[PDB]
file target-v2.cif (mmCIF, C-alpha atoms (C1' of nucleotides) and all ligand atoms)
data_entry
loop_
_atom_site.label_atom_id
_atom_site.label_comp_id
_atom_site.auth_asym_id
_atom_site.auth_seq_id
_atom_site.Cartn_x
_atom_site.Cartn_y
_atom_site.Cartn_z
CA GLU A 1 102.41 100.18 109.76
CA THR A 2 105.22 99.57 112.13
CA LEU A 3 103.84 100.06 115.56
CA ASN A 4 101.93 96.94 115.23
CA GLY A 5 104.24 95.20 112.73
CA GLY A 6 105.52 92.11 114.56
CA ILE A 7 101.98 91.43 115.49
CA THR A 8 100.81 91.47 112.02
CA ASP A 9 103.68 89.49 110.50
CA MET A 10 103.69 86.77 113.17
CA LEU A 11 99.90 86.63 112.69
CA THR A 12 100.26 86.27 108.96
CA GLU A 13 102.89 83.78 109.39
CA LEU A 14 100.34 82.14 111.62
CA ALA A 15 97.64 82.63 109.03
CA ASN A 16 99.56 81.37 106.07
CA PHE A 17 100.55 78.20 107.71
CA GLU A 18 97.01 76.97 108.54
CA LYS A 19 96.13 77.69 105.02
CA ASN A 20 98.88 75.75 103.29
CA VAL A 21 100.28 73.06 105.55
CA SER A 22 96.95 72.45 107.24
CA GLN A 23 93.65 72.72 105.60
CA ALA A 24 92.39 75.15 108.26
CA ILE A 25 90.52 77.59 106.02
CA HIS A 26 88.76 79.17 108.99
CA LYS A 27 91.74 79.39 111.35
CA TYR A 28 93.41 80.85 108.53
CA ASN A 29 90.65 83.29 107.81
CA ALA A 30 90.66 83.94 111.55
CA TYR A 31 94.34 84.92 111.65
CA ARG A 32 93.83 87.28 108.79
CA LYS A 33 91.04 89.53 110.03
CA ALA A 34 92.76 89.90 113.34
CA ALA A 35 96.08 90.48 111.52
CA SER A 36 94.01 93.02 109.68
CA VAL A 37 92.30 94.86 112.49
CA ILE A 38 95.41 94.66 114.62
CA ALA A 39 96.97 96.53 111.79
CA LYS A 40 94.60 99.51 111.90
CA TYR A 41 94.88 100.08 115.60
CA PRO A 42 96.56 103.34 116.10
CA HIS A 43 98.35 102.42 119.33
CA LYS A 44 101.03 100.03 120.61
CA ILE A 45 99.50 96.83 121.61
CA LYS A 46 100.77 96.36 125.05
CA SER A 47 99.02 93.23 125.86
CA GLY A 48 96.80 90.43 124.75
CA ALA A 49 94.10 91.66 126.88
CA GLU A 50 94.47 94.97 124.99
CA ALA A 51 94.49 93.33 121.69
CA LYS A 52 91.59 91.13 122.64
CA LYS A 53 89.37 94.14 122.93
CA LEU A 54 89.41 94.02 119.29
CA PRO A 55 87.10 92.52 116.80
CA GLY A 56 88.19 89.06 115.69
CA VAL A 57 90.40 89.01 118.54
CA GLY A 58 89.89 86.12 120.66
CA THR A 59 91.46 84.22 123.47
CA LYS A 60 93.35 82.19 121.02
CA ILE A 61 95.35 84.93 119.39
CA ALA A 62 95.45 87.20 122.47
CA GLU A 63 97.22 84.31 124.01
CA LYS A 64 99.50 84.43 121.12
CA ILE A 65 100.15 88.06 121.41
CA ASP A 66 101.36 87.96 125.00
CA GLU A 67 103.92 85.23 124.36
CA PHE A 68 105.32 87.21 121.43
CA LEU A 69 105.10 90.40 123.41
CA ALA A 70 106.83 88.95 126.41
CA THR A 71 109.44 86.87 124.56
CA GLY A 72 110.60 88.01 121.10
CA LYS A 73 109.30 84.82 119.62
CA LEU A 74 106.58 82.20 119.47
CA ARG A 75 107.11 78.47 119.90
CA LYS A 76 104.42 77.53 117.50
CA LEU A 77 106.02 79.77 115.13
CA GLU A 78 109.48 78.38 115.93
CA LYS A 79 108.21 74.75 115.65
CA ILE A 80 106.59 75.18 112.17
CA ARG A 81 109.61 77.19 111.00
CA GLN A 82 111.47 74.12 111.89
CA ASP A 83 108.96 71.39 110.51
CA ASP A 84 110.38 69.72 107.47
CA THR A 85 107.06 68.72 106.09
CA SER A 86 105.58 72.06 106.37
CA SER A 87 108.84 73.49 105.04
CA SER A 88 108.40 71.16 102.23
CA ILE A 89 105.02 72.35 101.32
CA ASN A 90 106.11 75.98 101.16
CA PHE A 91 108.87 74.93 98.89
CA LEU A 92 107.07 72.72 96.49
CA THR A 93 104.74 75.67 96.20
CA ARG A 94 107.17 77.87 94.22
CA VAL A 95 106.69 75.53 91.42
CA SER A 96 104.45 77.09 88.98
CA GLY A 97 101.54 74.76 88.90
CA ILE A 98 102.04 73.47 92.30
CA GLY A 99 99.52 74.52 94.80
CA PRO A 100 98.84 73.65 98.39
CA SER A 101 96.70 70.66 97.43
CA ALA A 102 99.39 69.22 95.16
CA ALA A 103 102.18 70.18 97.62
CA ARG A 104 100.60 68.15 100.24
CA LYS A 105 99.93 65.39 97.82
CA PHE A 106 103.58 65.14 96.60
CA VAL A 107 104.68 65.38 100.17
CA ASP A 108 102.74 62.58 101.31
CA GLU A 109 104.09 60.64 98.31
CA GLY A 110 107.53 61.51 99.47
CA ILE A 111 108.40 64.15 96.87
CA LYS A 112 109.88 66.93 98.96
CA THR A 113 112.58 68.25 96.76
CA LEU A 114 113.40 69.66 93.40
CA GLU A 115 115.17 66.48 92.49
CA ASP A 116 112.26 64.42 93.80
CA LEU A 117 110.23 66.33 91.37
CA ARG A 118 112.52 65.41 88.49
CA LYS A 119 112.72 61.74 89.28
CA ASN A 120 108.95 61.82 88.99
CA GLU A 121 108.24 64.21 86.21
CA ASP A 122 105.52 61.66 85.36
CA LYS A 123 103.51 62.51 88.43
CA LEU A 124 103.36 66.11 87.19
CA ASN A 125 101.13 67.73 84.68
CA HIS A 126 102.31 69.84 81.65
CA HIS A 127 101.92 73.07 83.59
CA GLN A 128 104.21 71.71 86.34
CA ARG A 129 106.32 70.10 83.87
CA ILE A 130 107.19 73.50 82.57
CA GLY A 131 107.16 75.13 85.86
CA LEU A 132 109.71 72.60 86.80
CA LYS A 133 111.71 73.07 83.74
CA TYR A 134 111.99 76.80 84.14
CA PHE A 135 111.90 77.12 87.91
CA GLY A 136 115.13 79.19 88.07
CA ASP A 137 114.16 81.59 85.24
CA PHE A 138 110.62 81.79 86.61
CA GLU A 139 111.97 82.99 89.86
CA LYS A 140 114.15 85.73 88.14
CA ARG A 141 113.01 89.31 87.64
CA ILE A 142 112.60 91.00 84.30
CA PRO A 143 114.94 93.95 83.59
CA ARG A 144 112.84 96.68 81.97
CA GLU A 145 115.68 96.92 79.55
CA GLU A 146 114.36 93.47 78.41
CA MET A 147 110.76 94.61 78.93
CA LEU A 148 111.42 97.09 76.30
CA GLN A 149 113.04 94.53 74.05
CA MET A 150 110.25 92.12 74.39
CA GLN A 151 107.52 94.72 74.10
CA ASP A 152 109.09 95.85 70.95
CA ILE A 153 108.82 92.42 69.30
CA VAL A 154 105.36 91.80 70.57
CA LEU A 155 103.97 94.95 69.15
CA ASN A 156 105.65 93.99 65.87
CA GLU A 157 103.99 90.78 65.05
CA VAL A 158 100.64 92.09 66.55
CA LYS A 159 100.90 94.73 63.91
CA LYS A 160 102.14 92.26 61.39
CA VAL A 161 99.24 89.90 61.55
CA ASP A 162 96.62 92.59 61.41
CA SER A 163 97.22 96.26 61.69
CA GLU A 164 93.76 96.51 63.37
CA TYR A 165 95.16 95.27 66.62
CA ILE A 166 95.72 97.19 69.91
CA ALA A 167 98.20 95.76 72.42
CA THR A 168 99.34 97.35 75.58
CA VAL A 169 101.78 96.03 77.97
CA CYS A 170 100.12 96.77 81.32
CA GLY A 171 101.28 96.50 85.02
CA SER A 172 104.31 97.98 86.86
CA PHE A 173 106.12 97.96 83.47
CA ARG A 174 103.65 100.34 82.15
CA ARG A 175 104.21 102.24 85.39
CA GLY A 176 107.95 102.75 84.85
CA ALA A 177 109.24 100.02 87.23
CA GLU A 178 112.97 99.20 87.02
CA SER A 179 112.08 95.49 86.89
CA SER A 180 109.12 93.33 86.42
CA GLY A 181 108.04 89.74 87.14
CA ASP A 182 106.18 88.69 84.00
CA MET A 183 104.96 90.54 81.05
CA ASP A 184 101.25 91.29 80.73
CA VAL A 185 99.78 92.00 77.32
CA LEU A 186 96.31 93.41 77.18
CA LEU A 187 94.70 92.82 73.88
CA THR A 188 91.79 93.98 71.80
CA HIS A 189 90.32 94.51 68.45
CA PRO A 190 87.43 96.54 67.03
CA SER A 191 86.10 93.47 65.53
CA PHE A 192 85.42 92.29 69.16
CA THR A 193 83.39 93.78 71.84
CA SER A 194 80.85 93.19 74.53
CA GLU A 195 78.23 91.52 72.21
CA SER A 196 80.08 90.59 68.91
CA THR A 197 80.12 86.94 69.77
CA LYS A 198 83.83 86.44 69.86
CA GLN A 199 86.34 85.55 67.33
CA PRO A 200 88.50 83.20 69.30
CA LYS A 201 90.79 83.25 66.35
CA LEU A 202 91.49 86.85 67.30
CA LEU A 203 93.65 85.59 70.16
CA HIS A 204 94.77 82.56 68.29
CA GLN A 205 96.12 84.42 65.33
CA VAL A 206 98.64 86.27 67.43
CA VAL A 207 99.81 83.57 69.64
CA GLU A 208 100.48 81.67 66.60
CA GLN A 209 102.37 84.61 65.36
CA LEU A 210 104.67 84.95 68.32
CA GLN A 211 105.43 81.25 68.14
CA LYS A 212 106.08 81.23 64.47
CA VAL A 213 108.90 83.60 65.19
CA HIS A 214 110.08 81.96 68.39
CA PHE A 215 108.97 84.45 70.89
CA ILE A 216 106.60 81.98 72.39
CA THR A 217 108.08 78.79 73.44
CA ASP A 218 105.63 77.01 75.68
CA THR A 219 101.97 77.03 76.39
CA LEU A 220 100.84 76.81 79.96
CA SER A 221 97.38 77.48 78.97
CA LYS A 222 95.61 78.53 75.91
CA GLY A 223 92.02 79.58 76.00
CA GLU A 224 89.88 81.55 73.63
CA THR A 225 90.41 84.79 75.55
CA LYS A 226 93.33 84.23 77.74
CA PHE A 227 96.54 82.76 76.58
CA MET A 228 99.10 82.09 79.50
CA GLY A 229 102.63 81.22 78.39
CA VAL A 230 106.44 81.42 78.51
CA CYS A 231 108.82 83.54 76.21
CA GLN A 232 112.49 84.28 75.44
CA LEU A 233 114.48 86.88 73.61
CA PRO A 234 116.58 85.52 70.81
CA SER A 235 119.82 84.78 72.32
CA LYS A 236 122.09 87.02 70.39
CA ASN A 237 125.30 86.35 68.64
CA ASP A 238 126.03 83.74 71.28
CA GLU A 239 127.70 83.54 74.66
CA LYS A 240 124.47 84.91 76.14
CA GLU A 241 121.01 83.40 75.88
CA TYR A 242 117.89 84.84 77.54
CA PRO A 243 116.10 83.46 80.60
CA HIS A 244 112.66 81.85 80.08
CA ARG A 245 110.00 84.26 80.95
CA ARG A 246 106.32 84.09 81.77
CA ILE A 247 103.85 85.80 79.45
CA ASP A 248 100.06 86.44 79.33
CA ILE A 249 98.06 87.87 76.53
CA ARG A 250 94.36 88.39 76.80
CA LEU A 251 91.53 89.27 74.54
CA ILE A 252 89.30 92.10 75.27
CA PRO A 253 86.21 93.53 73.73
CA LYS A 254 87.42 96.86 72.20
CA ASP A 255 84.61 98.31 74.22
CA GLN A 256 86.27 97.37 77.38
CA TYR A 257 89.91 98.21 76.98
CA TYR A 258 90.85 101.45 78.77
CA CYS A 259 89.20 100.55 82.04
CA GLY A 260 90.87 97.19 81.92
CA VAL A 261 93.92 98.83 80.77
CA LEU A 262 93.57 101.47 83.48
CA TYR A 263 92.93 98.88 85.99
CA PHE A 264 95.59 96.30 85.17
CA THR A 265 97.96 99.25 85.24
CA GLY A 266 97.49 99.73 89.04
CA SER A 267 99.08 100.49 91.24
CA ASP A 268 96.81 98.51 93.53
CA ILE A 269 96.52 101.66 95.56
CA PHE A 270 96.15 104.12 92.64
CA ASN A 271 93.27 102.10 91.57
CA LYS A 272 91.55 101.80 94.90
CA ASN A 273 91.97 105.48 95.44
CA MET A 274 90.81 106.61 92.01
CA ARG A 275 87.93 104.19 92.36
CA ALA A 276 87.10 105.54 95.78
CA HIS A 277 86.88 108.96 94.08
CA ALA A 278 84.60 107.88 91.26
CA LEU A 279 82.08 107.05 94.04
CA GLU A 280 82.02 110.57 95.28
CA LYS A 281 82.13 111.81 91.74
CA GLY A 282 78.86 109.84 91.29
CA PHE A 283 80.40 106.83 89.67
CA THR A 284 81.43 103.27 89.62
CA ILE A 285 84.62 101.85 88.33
CA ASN A 286 85.47 98.22 87.82
CA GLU A 287 87.80 96.16 85.61
CA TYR A 288 85.47 96.55 82.59
CA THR A 289 83.57 99.67 82.80
CA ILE A 290 82.39 102.85 84.43
CA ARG A 291 78.80 103.37 85.49
CA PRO A 292 76.89 106.37 86.82
CA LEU A 293 75.44 106.14 90.27
CA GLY A 294 71.73 106.53 90.88
CA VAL A 295 70.66 107.81 94.26
CA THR A 296 68.20 104.76 94.85
CA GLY A 297 71.36 103.23 96.27
CA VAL A 298 72.81 101.93 93.06
CA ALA A 299 72.61 102.33 89.35
CA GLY A 300 73.87 100.99 85.99
CA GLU A 301 74.56 102.18 82.42
CA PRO A 302 78.24 101.92 81.26
CA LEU A 303 79.55 105.24 80.04
CA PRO A 304 81.39 105.13 76.73
CA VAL A 305 85.27 105.03 76.89
CA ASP A 306 87.80 105.67 74.04
CA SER A 307 90.77 106.44 76.23
CA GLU A 308 92.45 106.52 79.69
CA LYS A 309 91.29 110.09 79.56
CA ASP A 310 87.54 109.41 79.26
CA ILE A 311 87.58 107.66 82.54
CA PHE A 312 89.58 110.56 83.98
CA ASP A 313 87.33 113.21 82.50
CA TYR A 314 84.44 111.31 83.80
CA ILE A 315 85.47 111.51 87.47
CA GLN A 316 86.88 114.97 86.82
CA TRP A 317 90.38 114.23 87.78
CA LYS A 318 93.86 115.05 86.70
CA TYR A 319 95.17 112.79 83.97
CA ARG A 320 97.85 110.84 85.67
CA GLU A 321 100.63 109.57 83.54
CA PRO A 322 101.08 105.95 84.19
CA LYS A 323 104.50 106.93 85.55
CA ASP A 324 102.88 108.58 88.50
CA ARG A 325 100.05 106.10 88.97
CA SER A 326 101.96 104.86 91.90
CA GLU A 327 99.21 105.82 94.35
"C1'" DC B 1 87.32 86.54 90.85
"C1'" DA B 2 87.40 84.59 86.53
"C1'" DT B 3 89.64 81.47 83.41
"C1'" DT B 4 91.80 77.06 82.29
"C1'" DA B 5 93.23 72.15 83.02
"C1'" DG B 6 92.05 67.89 84.26
"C1'" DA B 7 90.34 63.80 85.74
"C1'" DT C 1 81.22 68.20 87.07
"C1'" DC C 2 83.97 69.75 90.26
"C1'" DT C 3 88.46 70.99 92.05
"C1'" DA C 4 92.80 73.06 91.64
"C1'" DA C 5 95.96 76.79 90.29
"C1'" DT C 6 97.12 81.59 88.17
"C1'" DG C 7 96.51 86.20 88.36
NA NA D 401 86.68 91.25 120.25
NA NA D 402 103.51 78.04 92.78
ZN ZN D 403 100.84 87.61 84.31
#
call {"tool": "encode", "arguments": {"input": "target-v2.cif", "output": "structure tokens", "more": "lines below"}}
Ligand code: NA
Ligand code: NA
Ligand SMILES: [Zn+2]
result
Amino acid sequence: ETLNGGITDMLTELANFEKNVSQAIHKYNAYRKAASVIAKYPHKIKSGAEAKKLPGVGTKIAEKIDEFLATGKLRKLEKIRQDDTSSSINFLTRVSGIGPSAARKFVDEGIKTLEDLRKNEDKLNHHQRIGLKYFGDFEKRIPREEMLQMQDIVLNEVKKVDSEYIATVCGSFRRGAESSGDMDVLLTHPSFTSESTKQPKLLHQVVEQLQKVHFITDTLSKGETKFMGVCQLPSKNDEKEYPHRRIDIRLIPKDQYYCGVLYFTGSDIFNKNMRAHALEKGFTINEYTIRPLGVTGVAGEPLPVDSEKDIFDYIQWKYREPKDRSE
DNA sequence: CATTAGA
DNA sequence: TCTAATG
């Protein structure tokens, strides 16, 4: 957590690179396990040799570890850090839409900068178009104060279209967080579940709503179960307009909510831990359900959920307010 | 890890 | 169809 820190971060830096700038999937996977195991080791790595003892630890990285151990750096790390092309890829990346593959592509084409990207908006797809267009605002955080504002409106039309709707704004937001990165709206309806062969319109209806009123302003991607967009709060009585913000709404079979809700609510650790517990408590948790374990090794049969509570009750735990779902 | 775009 | 990108 700190005794092995530098090792892990240099390693990851090492890892990441192969992955993006190079197409070294394996090298990259390599760096990661090591960077993983080296992380668990309860003692100060004092040397390669030491490190090497480990699993996934080979000559290659051990070699790396000494250099870093001995001198507070790493050339290879210093060189890449320096490398304009590679720099370039990591940069181009931030563009919503832009991935390693494209990054590389644009780089080879000569598009290394923001501006380069403008000059060639043609070379970009809608997604990137937008991404481009709202790069600043996409990078900005979302003050909960806004989260509230936004949530308020969202719940309003949801209600407005059909009163039979159930929306929940999941994630860190849900968890109290001072700020958030994008709003997540989990959605469902009784008239939709596991079997009831859809009603794409279900999702459609609402998105359309939000737009009709100007909450939604761009569509990154609109599917029959997962809308992915952009939104903005009516810029008041002037002098202050709201930054463009990322939004995701998703349809869910009413029969799958709570778990999903539970789940999307995190925290990553709260989850993992609760989940770990369900196992002992003879169960299985996952993004859509909760199944009872059968000694044979495994088992099925999705227990019925009507609330965050049912899951809780199930694994005989203390209802945790989302507030304290931190871990 | 599953959903969407796109070509 | 596959491949990329988001989460
Ligand atoms: Na080893
Ligand atoms: Na990106
Ligand atoms: Zn999101």
call {"tool": "interface_residues", "arguments": {"input": "target-v2.cif", "of": "chain A", "to": "chain B", "cutoff": "12 Å", "atoms": "all atoms listed in the file", "output": "list in words"}}
result
residues 97, 124, 125, 126, 127, 128, 219, 220, 221, 222, 223, 224, 225, 226, 227, 228, 250, 251 and 287 of chain A
call {"tool": "residues_near_ligand", "arguments": {"input": "target-v2.cif", "ligand": "ligand NA 401 (chain D)", "cutoff": "12 Å", "atoms": "all atoms listed in the file", "output": "JSON, numbers by chain"}}
result
{"A": [33, 34, 37, 38, 48, 49, 50, 51, 52, 53, 54, 55, 56, 57, 58, 59, 60, 61, 62]}
call {"tool": "interface_residues", "arguments": {"input": "target-v2.cif", "of": "chain A", "to": "chain C", "cutoff": "8 Å", "atoms": "only C-alpha atoms (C1' of nucleotides)", "output": "list in words"}}
result
residues 97, 98, 99 and 101 of chain A
call {"tool": "atom_distance", "arguments": {"input": "target-v2.cif", "atom1": "CA of residue 84 (chain A)", "atom2": "CA of residue 69 (chain A)"}}
result
26.6 Å
call {"tool": "atom_distance", "arguments": {"input": "target-v2.cif", "atom1": "CA of residue 153 (chain A)", "atom2": "CA of residue 192 (chain A)"}}
result
23.4 Å
call {"tool": "residues_near_ligand", "arguments": {"input": "target-v2.cif", "ligand": "ligand ZN 403 (chain D)", "cutoff": "8 Å", "atoms": "all atoms listed in the file", "output": "list in words"}}
result
residues 182, 183, 184, 228, 246, 247 and 248 of chain A; 7 of chain C
call {"tool": "write_last_selection", "arguments": {"input": "target-v2.cif", "atoms": "C-alpha atoms (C1' of nucleotides)", "output": "compact mmCIF listing (two decimals), in the coordinates of the input"}}
result
# COMPACT_ATOMS: atom_id res chain seq x y z
CA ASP A 182 106.18 88.69 84.00
CA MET A 183 104.96 90.54 81.05
CA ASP A 184 101.25 91.29 80.73
CA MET A 228 99.10 82.09 79.50
CA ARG A 246 106.32 84.09 81.77
CA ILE A 247 103.85 85.80 79.45
CA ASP A 248 100.06 86.44 79.33
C1' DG C 7 96.51 86.20 88.36
call {"tool": "closest_residue", "arguments": {"input": "target-v2.cif", "among": "A:324, A:115, A:255, A:157", "to": "residue 172 (chain A)", "atoms": "all atoms listed in the file"}}
result
A:324
call {"tool": "atom_distance", "arguments": {"input": "target-v2.cif", "atom1": "CA of residue 90 (chain A)", "atom2": "CA of residue 245 (chain A)"}}
result
22.2 Å
call {"tool": "closest_residue", "arguments": {"input": "target-v2.cif", "among": "A:293, A:80, A:89, A:158", "to": "ligand NA 402 (chain D)", "atoms": "all atoms listed in the file"}}
result
A:89
call {"tool": "residues_around", "arguments": {"input": "target-v2.cif", "residues": "residue 46 (chain A)", "least_positions_apart": "6", "cutoff": "10 Å", "atoms": "all atoms listed in the file", "output": "PyMOL selection string"}}
result
chain A and resi 4+65-66+69-70
call {"tool": "residues_around", "arguments": {"input": "target-v2.cif", "residues": "region 106-111 of chain A", "least_positions_apart": "5", "cutoff": "9 Å", "atoms": "all atoms listed in the file", "output": "PyMOL selection string"}}
result
chain A and resi 85+88-89+92+101+116-117+120+123
call {"tool": "closest_residue", "arguments": {"input": "target-v2.cif", "among": "A:327, A:139, A:239, A:178", "to": "ligand NA 402 (chain D)", "atoms": "only C-alpha atoms and all ligand atoms"}}
result
A:139
call {"tool": "decode", "arguments": {"input": "target-v2.cif", "residues": "chain B", "atoms": "N, CA, C and O atoms (P, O5', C5', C4', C3', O3' and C1' of nucleotides)", "output": "PDB file, in the first residue's frame"}}
result
ATOM      1  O5'  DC B   1     -17.148  -7.416 -16.014  1.00  0.00           O
ATOM      2  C5'  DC B   1     -17.316  -8.659 -16.750  1.00  0.00           C
ATOM      3  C4'  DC B   1     -18.550  -8.580 -17.639  1.00  0.00           C
ATOM      4  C3'  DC B   1     -18.648  -9.645 -18.742  1.00  0.00           C
ATOM      5  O3'  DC B   1     -20.113 -10.087 -18.905  1.00  0.00           O
ATOM      6  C1'  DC B   1     -18.169  -7.457 -19.635  1.00  0.00           C
ATOM      7  P    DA B   2     -20.786 -10.345 -20.384  1.00  0.00           P
ATOM      8  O5'  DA B   2     -21.385  -8.917 -20.737  1.00  0.00           O
ATOM      9  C5'  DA B   2     -22.389  -8.340 -19.908  1.00  0.00           C
ATOM     10  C4'  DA B   2     -22.979  -7.153 -20.577  1.00  0.00           C
ATOM     11  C3'  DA B   2     -23.664  -7.458 -21.909  1.00  0.00           C
ATOM     12  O3'  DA B   2     -24.872  -6.706 -22.048  1.00  0.00           O
ATOM     13  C1'  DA B   2     -21.839  -5.980 -22.258  1.00  0.00           C
ATOM     14  P    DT B   3     -25.703  -6.763 -23.433  1.00  0.00           P
ATOM     15  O5'  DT B   3     -25.580  -5.281 -23.988  1.00  0.00           O
ATOM     16  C5'  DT B   3     -25.803  -4.161 -23.146  1.00  0.00           C
ATOM     17  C4'  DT B   3     -25.411  -2.915 -23.870  1.00  0.00           C
ATOM     18  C3'  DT B   3     -26.026  -2.811 -25.250  1.00  0.00           C
ATOM     19  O3'  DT B   3     -26.799  -1.604 -25.383  1.00  0.00           O
ATOM     20  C1'  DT B   3     -23.632  -2.552 -25.342  1.00  0.00           C
ATOM     21  P    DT B   4     -27.791  -1.435 -26.658  1.00  0.00           P
ATOM     22  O5'  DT B   4     -26.905  -0.562 -27.684  1.00  0.00           O
ATOM     23  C5'  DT B   4     -26.138   0.482 -27.180  1.00  0.00           C
ATOM     24  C4'  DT B   4     -25.124   1.010 -28.182  1.00  0.00           C
ATOM     25  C3'  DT B   4     -25.559   1.058 -29.666  1.00  0.00           C
ATOM     26  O3'  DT B   4     -25.675   2.459 -30.072  1.00  0.00           O
ATOM     27  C1'  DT B   4     -23.258   0.505 -29.336  1.00  0.00           C
ATOM     28  P    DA B   5     -25.872   2.862 -31.609  1.00  0.00           P
ATOM     29  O5'  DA B   5     -24.341   2.981 -32.184  1.00  0.00           O
ATOM     30  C5'  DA B   5     -23.534   4.147 -31.787  1.00  0.00           C
ATOM     31  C4'  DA B   5     -22.223   4.265 -32.581  1.00  0.00           C
ATOM     32  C3'  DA B   5     -22.359   4.500 -34.086  1.00  0.00           C
ATOM     33  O3'  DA B   5     -21.346   5.468 -34.525  1.00  0.00           O
ATOM     34  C1'  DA B   5     -21.173   2.476 -33.623  1.00  0.00           C
ATOM     35  P    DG B   6     -21.405   6.070 -35.984  1.00  0.00           P
ATOM     36  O5'  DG B   6     -20.519   5.068 -36.815  1.00  0.00           O
ATOM     37  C5'  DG B   6     -19.187   4.987 -36.560  1.00  0.00           C
ATOM     38  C4'  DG B   6     -18.598   3.859 -37.297  1.00  0.00           C
ATOM     39  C3'  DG B   6     -18.952   3.810 -38.768  1.00  0.00           C
ATOM     40  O3'  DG B   6     -17.892   3.717 -39.454  1.00  0.00           O
ATOM     41  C1'  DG B   6     -19.295   1.728 -37.750  1.00  0.00           C
ATOM     42  P    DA B   7     -17.530   4.800 -40.503  1.00  0.00           P
ATOM     43  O5'  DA B   7     -16.308   4.160 -41.195  1.00  0.00           O
ATOM     44  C5'  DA B   7     -15.601   3.162 -40.524  1.00  0.00           C
ATOM     45  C4'  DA B   7     -15.653   1.893 -41.293  1.00  0.00           C
ATOM     46  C3'  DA B   7     -15.933   2.072 -42.751  1.00  0.00           C
ATOM     47  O3'  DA B   7     -14.818   1.658 -43.494  1.00  0.00           O
ATOM     48  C1'  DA B   7     -17.339   0.385 -41.771  1.00  0.00           C
TER      49       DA B   7
END
